[PDB]
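From first to last, the protein sequence lines stand for chains E, W, P, D, S, A, H and R. Quick note: the first sequence uses the working numbering, first residue 1, plus one each step. Quick note: the second sequence uses the working numbering, first residue 1, plus one each step. Quick note: the third sequence uses the working numbering, first residue 1, plus one each step. Quick note: the fourth sequence uses the working numbering, first residue 1, plus one each step. Quick note: the fifth sequence uses the working numbering, first residue 1, plus one each step. Quick note: the sixth sequence uses the working numbering, first residue 1, plus one each step. Quick note: the seventh sequence uses the working numbering, first residue 1, plus one each step. Quick note: the eighth sequence uses the working numbering, first residue 1, plus one each step. Just so it is clear, CB atoms sit at the ideal spot from N, CA and C, and this is done for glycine as well. Take a look at the structure set out below.
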Amino acid sequence: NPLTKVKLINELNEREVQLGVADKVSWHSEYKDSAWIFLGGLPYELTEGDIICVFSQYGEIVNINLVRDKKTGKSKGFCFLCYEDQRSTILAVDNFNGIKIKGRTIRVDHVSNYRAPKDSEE
Amino acid sequence: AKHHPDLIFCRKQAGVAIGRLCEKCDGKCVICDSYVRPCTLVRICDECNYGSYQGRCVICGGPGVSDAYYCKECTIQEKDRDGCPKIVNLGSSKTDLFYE
Amino acid sequence: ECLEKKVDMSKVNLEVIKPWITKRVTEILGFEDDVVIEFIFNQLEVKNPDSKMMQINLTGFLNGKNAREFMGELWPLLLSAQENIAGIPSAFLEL
Amino acid sequence: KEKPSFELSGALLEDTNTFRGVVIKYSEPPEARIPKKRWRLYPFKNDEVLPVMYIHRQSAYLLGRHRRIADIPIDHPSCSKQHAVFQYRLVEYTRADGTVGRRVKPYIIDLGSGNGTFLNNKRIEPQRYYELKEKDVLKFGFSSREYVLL
Amino acid sequence: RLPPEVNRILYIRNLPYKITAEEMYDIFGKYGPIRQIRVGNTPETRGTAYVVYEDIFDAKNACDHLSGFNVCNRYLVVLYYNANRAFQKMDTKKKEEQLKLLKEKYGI
Amino acid sequence: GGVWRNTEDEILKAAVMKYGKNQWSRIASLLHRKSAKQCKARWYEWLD
Amino acid sequence: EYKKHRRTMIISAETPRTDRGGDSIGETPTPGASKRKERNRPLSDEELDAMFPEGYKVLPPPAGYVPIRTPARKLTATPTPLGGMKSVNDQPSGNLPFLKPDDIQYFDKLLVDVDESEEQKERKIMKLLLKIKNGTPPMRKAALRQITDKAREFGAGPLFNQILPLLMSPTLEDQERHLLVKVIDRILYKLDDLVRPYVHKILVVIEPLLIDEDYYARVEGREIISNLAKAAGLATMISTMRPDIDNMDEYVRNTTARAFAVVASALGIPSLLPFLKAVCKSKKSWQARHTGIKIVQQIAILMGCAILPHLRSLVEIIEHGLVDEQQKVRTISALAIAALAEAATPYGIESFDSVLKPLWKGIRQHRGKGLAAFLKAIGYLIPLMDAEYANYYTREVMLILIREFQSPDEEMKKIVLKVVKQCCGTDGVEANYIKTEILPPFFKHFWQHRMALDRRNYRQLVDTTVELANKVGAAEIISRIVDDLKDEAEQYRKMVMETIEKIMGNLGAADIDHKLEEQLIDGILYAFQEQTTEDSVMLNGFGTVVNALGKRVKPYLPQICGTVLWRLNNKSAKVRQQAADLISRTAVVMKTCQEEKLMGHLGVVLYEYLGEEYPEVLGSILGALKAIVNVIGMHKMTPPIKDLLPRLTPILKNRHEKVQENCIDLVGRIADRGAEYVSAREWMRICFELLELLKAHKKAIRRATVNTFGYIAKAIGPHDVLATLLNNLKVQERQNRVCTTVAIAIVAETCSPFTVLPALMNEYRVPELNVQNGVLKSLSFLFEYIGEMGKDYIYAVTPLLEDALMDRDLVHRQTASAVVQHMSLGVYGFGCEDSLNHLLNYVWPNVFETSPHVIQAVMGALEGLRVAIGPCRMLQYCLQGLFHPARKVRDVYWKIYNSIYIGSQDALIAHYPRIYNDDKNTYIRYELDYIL
Amino acid sequence: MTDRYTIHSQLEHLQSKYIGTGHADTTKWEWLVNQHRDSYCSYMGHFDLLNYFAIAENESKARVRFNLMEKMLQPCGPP
RNA sequence: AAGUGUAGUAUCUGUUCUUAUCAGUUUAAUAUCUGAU
RNA sequence: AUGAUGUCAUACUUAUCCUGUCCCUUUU
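If you want it as structure tokens, here you go:
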């Protein structure tokens with residue numbers, strides 16, 4: 001359930017690759033008009049700049065936002081990043097989605113809905 | 001069955017449900033295992049059809065199309081009044097066929 | 001056997017036999033376990049239980065000799081409690 | 001509340017270079033290779049070179065005060081954990097006739113030693129490939145050492 | 001950076017009955033410290049043996065290097081040790097002493 | 001294959017006696033177990 | 001990665017509890033010391049001696065090699081960079097097929113060529129597992145038979161000890177695992193009590209077979225676990241599964257849960273009820289309650305309707321779980337309640353009433369996935385409630401559902417889809433309010449190009465769309481879904497087509513408007529024009545759409561015809577296959593709409609394209625021709641039968657599957673319906689060609705061949721067909737060999753059996769055992785097919801059956817018993833008592849026999865005789881055998897008596913003779929002697 | 001209670017669940033009791049048979065019904 | 001000079017008990033098997 | 001002069017059987 005989200009994303013990508021999905025229907029028509037990618041499941045001890053530098057390998061990040069708690073210390077695992085171009089978001093969802101770093105691997109998805117602070121899930 | 005003696009019939013109590021047989025096993029007698037002279041209709045068990053178990057084939061076990069019936073040789077021999085003839089077991093047949 | 005006589009767990013308390021059975025299990029099973037205690041407690045839940053199934057369960061959990069000891073300790077105490085007009089054995093009044 | 005930093009943390013660097021049970025810094029560059037030079041270390045701490053060292057076979061080089069972390073210990077009480085480690089790499093050097101080529105040589109770089117290092121009355125600094133040649137008298141510690149090799 | 005199939009134990013078969021065990025220890029030490037070396041003292045065990053080094057990396061390196069290495073007249077087959085599958089003969093008794101020692105040493 | 005069974009050996013002997021030795025296909029057309037090469041091989045090896 | 005824990009499985013109540021306690025007290029101090037500041041951890045002499053088995057001795061040869069390897073730690077760093085006959089042993093015994101190198105470690109004991117040494121003898125005899133796993137099919141069957149017979153001899157201990165590691169082979173392929181599972185099942189079928197100590201050892205290997213992707217493999221694992229549980233006692237299985245509750249490995253917890261579910265399915269719900277109740281009341285750890293909730297959920301999902309009576313009791317197990325502090329326990333309890341609900345038909349709403357109030361209360365304080373679980377539970381519980389409370393429940397839940405409509409969580413999406421499918425199906429759902437509120441988001445938020453890609457998501461969306469269309473209306477869903485008909489995505493297009501097909505089939509397309517009809521026609525055209533993956537979605541959709549449109553599809557008829565022609569001229573296998581499929585599907589609509597010129601043009605194009613070499617296209621063309629002959633009349637079909645029959649004659653040798661099936665169907669329909677355009681010589685040639693069609697690897701092909709032979713017999717005549725059938729030399733005894741006998745029976749049922757009887761009797765005079773057995777089987781099948789018609793042929797069939805009753809061969813006796821059974825079933829009430837007695841005179845000695853086929857035939861014949869000859873004569877013939885002394889004779893007679901007593905339970909009173917009254921027993925029924 | 005007699009089922013054998021199916025080790029008393037019980041049930045079933053059996057005695061139909069239901073327990077004798 | 005697999009049956013080829021007794025299991029009874037002279 | 005034994009071949013019967021799937025494992 002919690003870790004099966006990355007499995008579902010990888011399975012969707014594999015099915016699009018195996019079902020002969022074209023470029024126009026390659027799991028991007030729904031995430032269009034917005035490059036706000038939501039990363040979740042990250043560890044509680046992750047820093048903002050470290051994650052920015054890690055996700056910056058696929059391009060320049062425009063506006064990142066980590067889940068800042070009221071008094072916990074900004075340790076929730078959720079994060080929303082509107083990158084420079086939507087092509088960078090697609091590249092991150094294709095390569096960085098499900099990447100393993102700092103022990104527990106995290107998941108990535110394309111929201112393209114709004115700037116919701118409380119929208120992810122533990 | 002004559003083709004599968006290692007099969008276990010359900011033998012459950014009869015219900016008010018009408019069953020169907022798979023298209024591959026269309027017309028085959030449920031008990032007599034013949035191909036002609038049907039007399040009575042086949043009644044399914046109460047637990048033998050509940051959701052995912054609904055609409056399955058009696059003998060074939062697959063998705064049913066046509067409604068099955070008991071063979072007249074099984075009806076005259078007082079054999080059609082038995083319990084639920086659902087093939088609960090699946091062994092010694094179609095086991096390694098998927099490997100091929 | 002002593003578990004061959006018909007008994008009735010409805011005509012006796014349960015709190016009086018809880019810690020005795022717990023101590024017997026801790027002595028026979030050695031360690032501290034909650035599954036065995038809860039299983040023994042739920043075994044005597046019916047109004048007309050059977051000692052044969054209880055002995056089988058005790059043999060499955062215990063070694064078989066300790067199972068016989070537990071059966072021969074629980075059967076007569078429960079029988080004496082069911083025989084008591086107030087519904088308890090002679091040990092419940094001692095302390 | 002949350003204490004936002006937006007700066008570089010250590011978790012990514014720890015996951016990037018982590019030893020068996022410790023952190024591993026001073027990561028050599030990807031331009032290195034295994035050399036084949038006819039040169040071997042002859043460490044004689046008291047004018048007596050019992051062992052022999054030919055580092056052309058090994059790429060990982062760790063001589064320090066970590067019995068579980070490093071590859072093996074050393075009887076050098078004046079040596080730190082990770083202070084100075086020379087590494088052979090294919091550096092593009094200009095030959096005698098000008099023919100440039102990726103020749104294997106040892107890179108001279110200080111690993112942030114606590115008390116520095118010295119070789120033949122001269123300390124080696126980082127960010128500069130010093131004139132690393134043969135027949136050098138060096139030391140394998142931070143404070144000092146009364147042993148050399150060749 | 002290696003498969004889970006690689007293990008510290010390695011089964012070496014196709015050897016003589018009177019195999020020179022000192023040379024065997026020397027050959028096994030080319031990888032790392034021989035934590036244990038069991039020589040089959042049985043008839044069916046006569047000619048087979050097991051080794052266990054204190055490191056998996058050295059054992060894998062020797063498995064890659066010593067794959068069917070030459071011998072005096074044969075070439076013993078070296079394979080990765082399979083699972084145990086037989087431990088009822090052994091038991092985990094007397095481990096409470098080690099647990100108490102660990103709890104007393106560190107104090108936690 | 002070529003197990004060289006007993007009944008196959010008797011059949012090969014009868015074929016070599018009646019059909020002939022220079023007719024391997026005539027014997028292989030009544031064996032249905034091995035080729036004429038294998039049949040002549042068994043004839044020259046054991047059924048000679 | 002999750003399955004990798006299976007690789008970490010080692011083999012082999014108080015001592016286990018202490019071991020688990022030591023495991024916990026070893027798994028605690030590791031992170032304890034980690035915070036205070038592996039598989040290659042230090043090893044001990046005890047650990048070393050325990051790891052490997054016997055047959056080894058530690059021996060450091062010199063006193064220098066130990067202190068040579070002790071400094072090897074430092075010798076890996078300083079001195080490492082520095083200055084620096086024809087023997088072999090495979091495993092052949094007499095054949096012993098090739099053992100893989102991974103299997104070399106397992107079958108190493110057989111590598112030793114020693115012979116003639118008891119225990120080692122049995123261990124070597126247990127090397128047949130190598131031939132079973134690795135070897136040919138005959139060797140596999142032989143090893144299976146030997147293991148079945150040598151069960152008690154080889155002993156269950158060594159068998160399990162040799163089978164468990166093979167199951168744990170990291171290189172164990174799927175076929176090897178299937179063979180090992182079959183062998184374990186065969187071993188458990190014989191050994192009953194000896195499987196108790198190896199219960200845990202077998203379960204540790206069998207549980208992962210349940211948690212697997214392969215559906216057939218999971219079914220095999222569930223069956224094996226159920227058999228293992230039914231073998232031993234529920235108490236022993238419970239004791240074995242006890243410590244797995246608090247196991248650290250969550251995979252071990254899931255395995256134990258599946259095992260407990262299987263044990264409950266086998267031994268029954270209440271047998272495992274109190275164990276589960278004690279597991280649920282465990283305040284030891286939250287993992288215990290989680291394992292209990294998971295076990296309850298799995299037991300419900302496996303049992304289905306079996307939780308009806310114990311459901312209230314299950315509520316007693318689940319009531320204290322809803323108040324769990326840890327969110328995991330609460331989620332597991334919600335999932336369990338949802339499983340018990342959705343698996344249960346409407347009943348026992350009161351049993352869930354205790355869980356009604358808090359869950360909705362949790363909806364008030366719902367946040368995160370807990371809200372999703374609560375929504376799923378409320379959706380499962382809504383139909384179980386009555387309309388009065390259901391109105392308020394749905395009115396409250398719909399707002400939360402609409403609020404959660406924009407959830408990115410895919411689990412939340414599935415929960416919302418299930419809640420919509422459950423709630424929208426309620427009678428208290430507002431149609432206009434539904435279309436106003438839930439319809440536009442369901443089209444926008446729910447319907448997306450990414451959701452359809454998933455497997456479960458596709459079926460969930462299909463069910464939700466079907467329910468919404470049935471609830472609110474068909475026109476709105478049609479208008480919402482028709483726009484996606486031109487979707488570039490093939491999967492989304494298939495989903496939209498399936499939704500439209502289900503809507504048209506359930507609600508009916510009469511509500512489809514003219515503009516909506518044109519849009520649907522354009523969508524179907526675009527879909528048929530773009531079909532990459534070969535699937536019946538487009539074909540079934542076009543068929544249902546045409547059947548629903550009816551006469552309204554006449555304007556779309558010519559466009560479809562032009563598209564079909566262009567696709568027939570297009571790529572054959574890609575385009576013309578779907579073209580012919582659409583033609584065969586829409587033949588009914590084309591004939592209903594009076595497409596006379598269209599039907600003729602289609603027939604001409606079919607006659608033109610019938611010469612295609614592609615079997616996929618040729619078979620579809622033949623099927624379309626069959627459909628045209630079914631719609632267009634024989635004399636009205638433009639491609640007349642005179643060209644169709646001889647042109648389809650040589651097509652029987654196409655050797656393709658679909659081509660052969662379509663050709664057989666077309667020839668059979670033409671010969672059953674028309675039976676006139678086929679000439680006598682033409683019919684004879686068609687029969688000579690169909691005689692070769694019986695060698696196929698299908699059963700439907702054989703049935704169609706028998707039907708076509710019967711039609712040809714009814715058309716031409718009995719003599720030639722019976723002569724062509726009598727020449728069956730039966731090269732093979734299988735591959736539809738008896739099929740000739742079935743065809744003889746079909747011809748006898750279609751033609752005069754007075755002609756078919758004596759020809760068969762004369763053909764039975766042949767010497768060949770194959771021909772004799774074939775004549776017997778054909779006579780049996782003919783009598784069975786005739787039934788009442790056999791009232792005259794009884795006296796004529798008596799002597800041949802009596803002569804064949806002489807057991808010269810087992811097959812002859814089997815055919816005799818089968819013919820007797822068919823005759824007794826057919827001669828019921830016709831007055832054939834004399835022939836029945838004459839046949840029983842020779843059938844009675846067949847009771848003593850060991851052949852399974854012969855025994856089954858004898859039992860069936862005894863049943864038929866009791867049906868027709870009557871139970872009085874049956875008991876009179878089986879009377880003396882009841883109290884016989886022998887074991888085998890008494891067993892056979894008791895089987896016969898049980899068969900005679902299963903039925904005729906009322907008529908056994910009179911047949912019971914008068915046995916004299918003993919001293920302490922009065923068995924004589926004196927009331928029967930009451931003379932009125 | 002050291003008995004060790006857990007007669008439930010072993011491997012899903014034949015296991016005749018019908019009442020009076022018959023077996024191999026059926027003693028004469030068992031067959032006689034089954035036959036007497038079946039005959040009593042049949043006499044209770046057939047209406048004309050009940051009339052012919054009760055027409056002998058002056059007892060009524062209910063008298064025969066009670067006498068038949070009473071003879072079901074231990075008709076032959078304690079084995 | 002072509003058949004695939006799933007269960008079961010028979011006829012073919014090669015080998016073995018002149019062991020005198022006792023007791024038991026088992027057998028309809030033999031037989032076989034298990035211990036002693 | 002019937003038989004028991006069982007590697008290894010052979011004929012036969014069950015109108016035996018070839019698109020069967022992960023539509024349900026989503027446990028950390």
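Expressed to the nearest angstrom, what Euclidean distance is found between the alpha-carbon atoms of residue i and residue j?
| i | j | result |
| --- | --- | --- |
| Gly562 of chain H | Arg703 of chain H | 37 Å |
| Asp55 of chain S | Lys30 of chain S | 12 Å |
| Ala1 of chain W | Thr850 of chain H | 19 Å |
| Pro67 of chain H | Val58 of chain H | 16 Å |
| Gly45 of chain R | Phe66 of chain R | 14 Å |
| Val54 of chain E | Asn161 of chain H | 51 Å |
| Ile378 of chain H | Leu468 of chain H | 19 Å |
| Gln98 of chain S | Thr92 of chain S | 11 Å |
Of all the options the options, which has the alpha carbon lying nearest to the alpha carbon of residue i?
| i | options | result |
| --- | --- | --- |
| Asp193 of chain H | H:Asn506, H:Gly221, H:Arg152 | H:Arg152 |
| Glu176 of chain H | H:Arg808, H:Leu565, H:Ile132 | H:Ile132 |
| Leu302 of chain H | H:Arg312, H:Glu342, H:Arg330 | H:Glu342 |
| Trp683 of chain H | H:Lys714, H:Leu693, H:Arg655 | H:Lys714 |
| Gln326 of chain H | H:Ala288, H:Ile307, H:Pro309, H:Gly348 | H:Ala288 |
| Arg673 of chain H | H:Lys626, H:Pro646, H:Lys357, H:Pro639 | H:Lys626 |
| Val496 of chain H | H:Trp447, H:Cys878, H:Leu507, H:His601 | H:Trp447 |
Would you give the residue range spanned by the alpha helix (DSSP H) that residue i belongs to?
| i | result |
| --- | --- |
| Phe38 of chain E | No alpha helix (DSSP H) holds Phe38 of chain E; the beta strand (DSSP E) holding it covers 36–40. |
| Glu94 of chain P | 91–94 |
Output yes or no for whether 8 Å exceeds the beta carbon distance between residue i and residue j.
| i | j | result |
| --- | --- | --- |
| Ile869 of chain H | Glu833 of chain H | yes |
| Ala143 of chain H | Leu166 of chain H | no |
The beta strand (DSSP E) that contains residue i, what's its start and end?
| i | result |
| --- | --- |
| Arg38 of chain S | 34–39 |
| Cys74 of chain W | No beta strand (DSSP E) contains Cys74 of chain W, which is instead part of the alpha helix (DSSP H) from 72–76. |
How would you label residue i, buried or exposed, when you count the other beta carbons within 10 angstroms and need 16 or more for buried?
| i | result |
| --- | --- |
| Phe69 of chain S | exposed |
| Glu14 of chain D | exposed |
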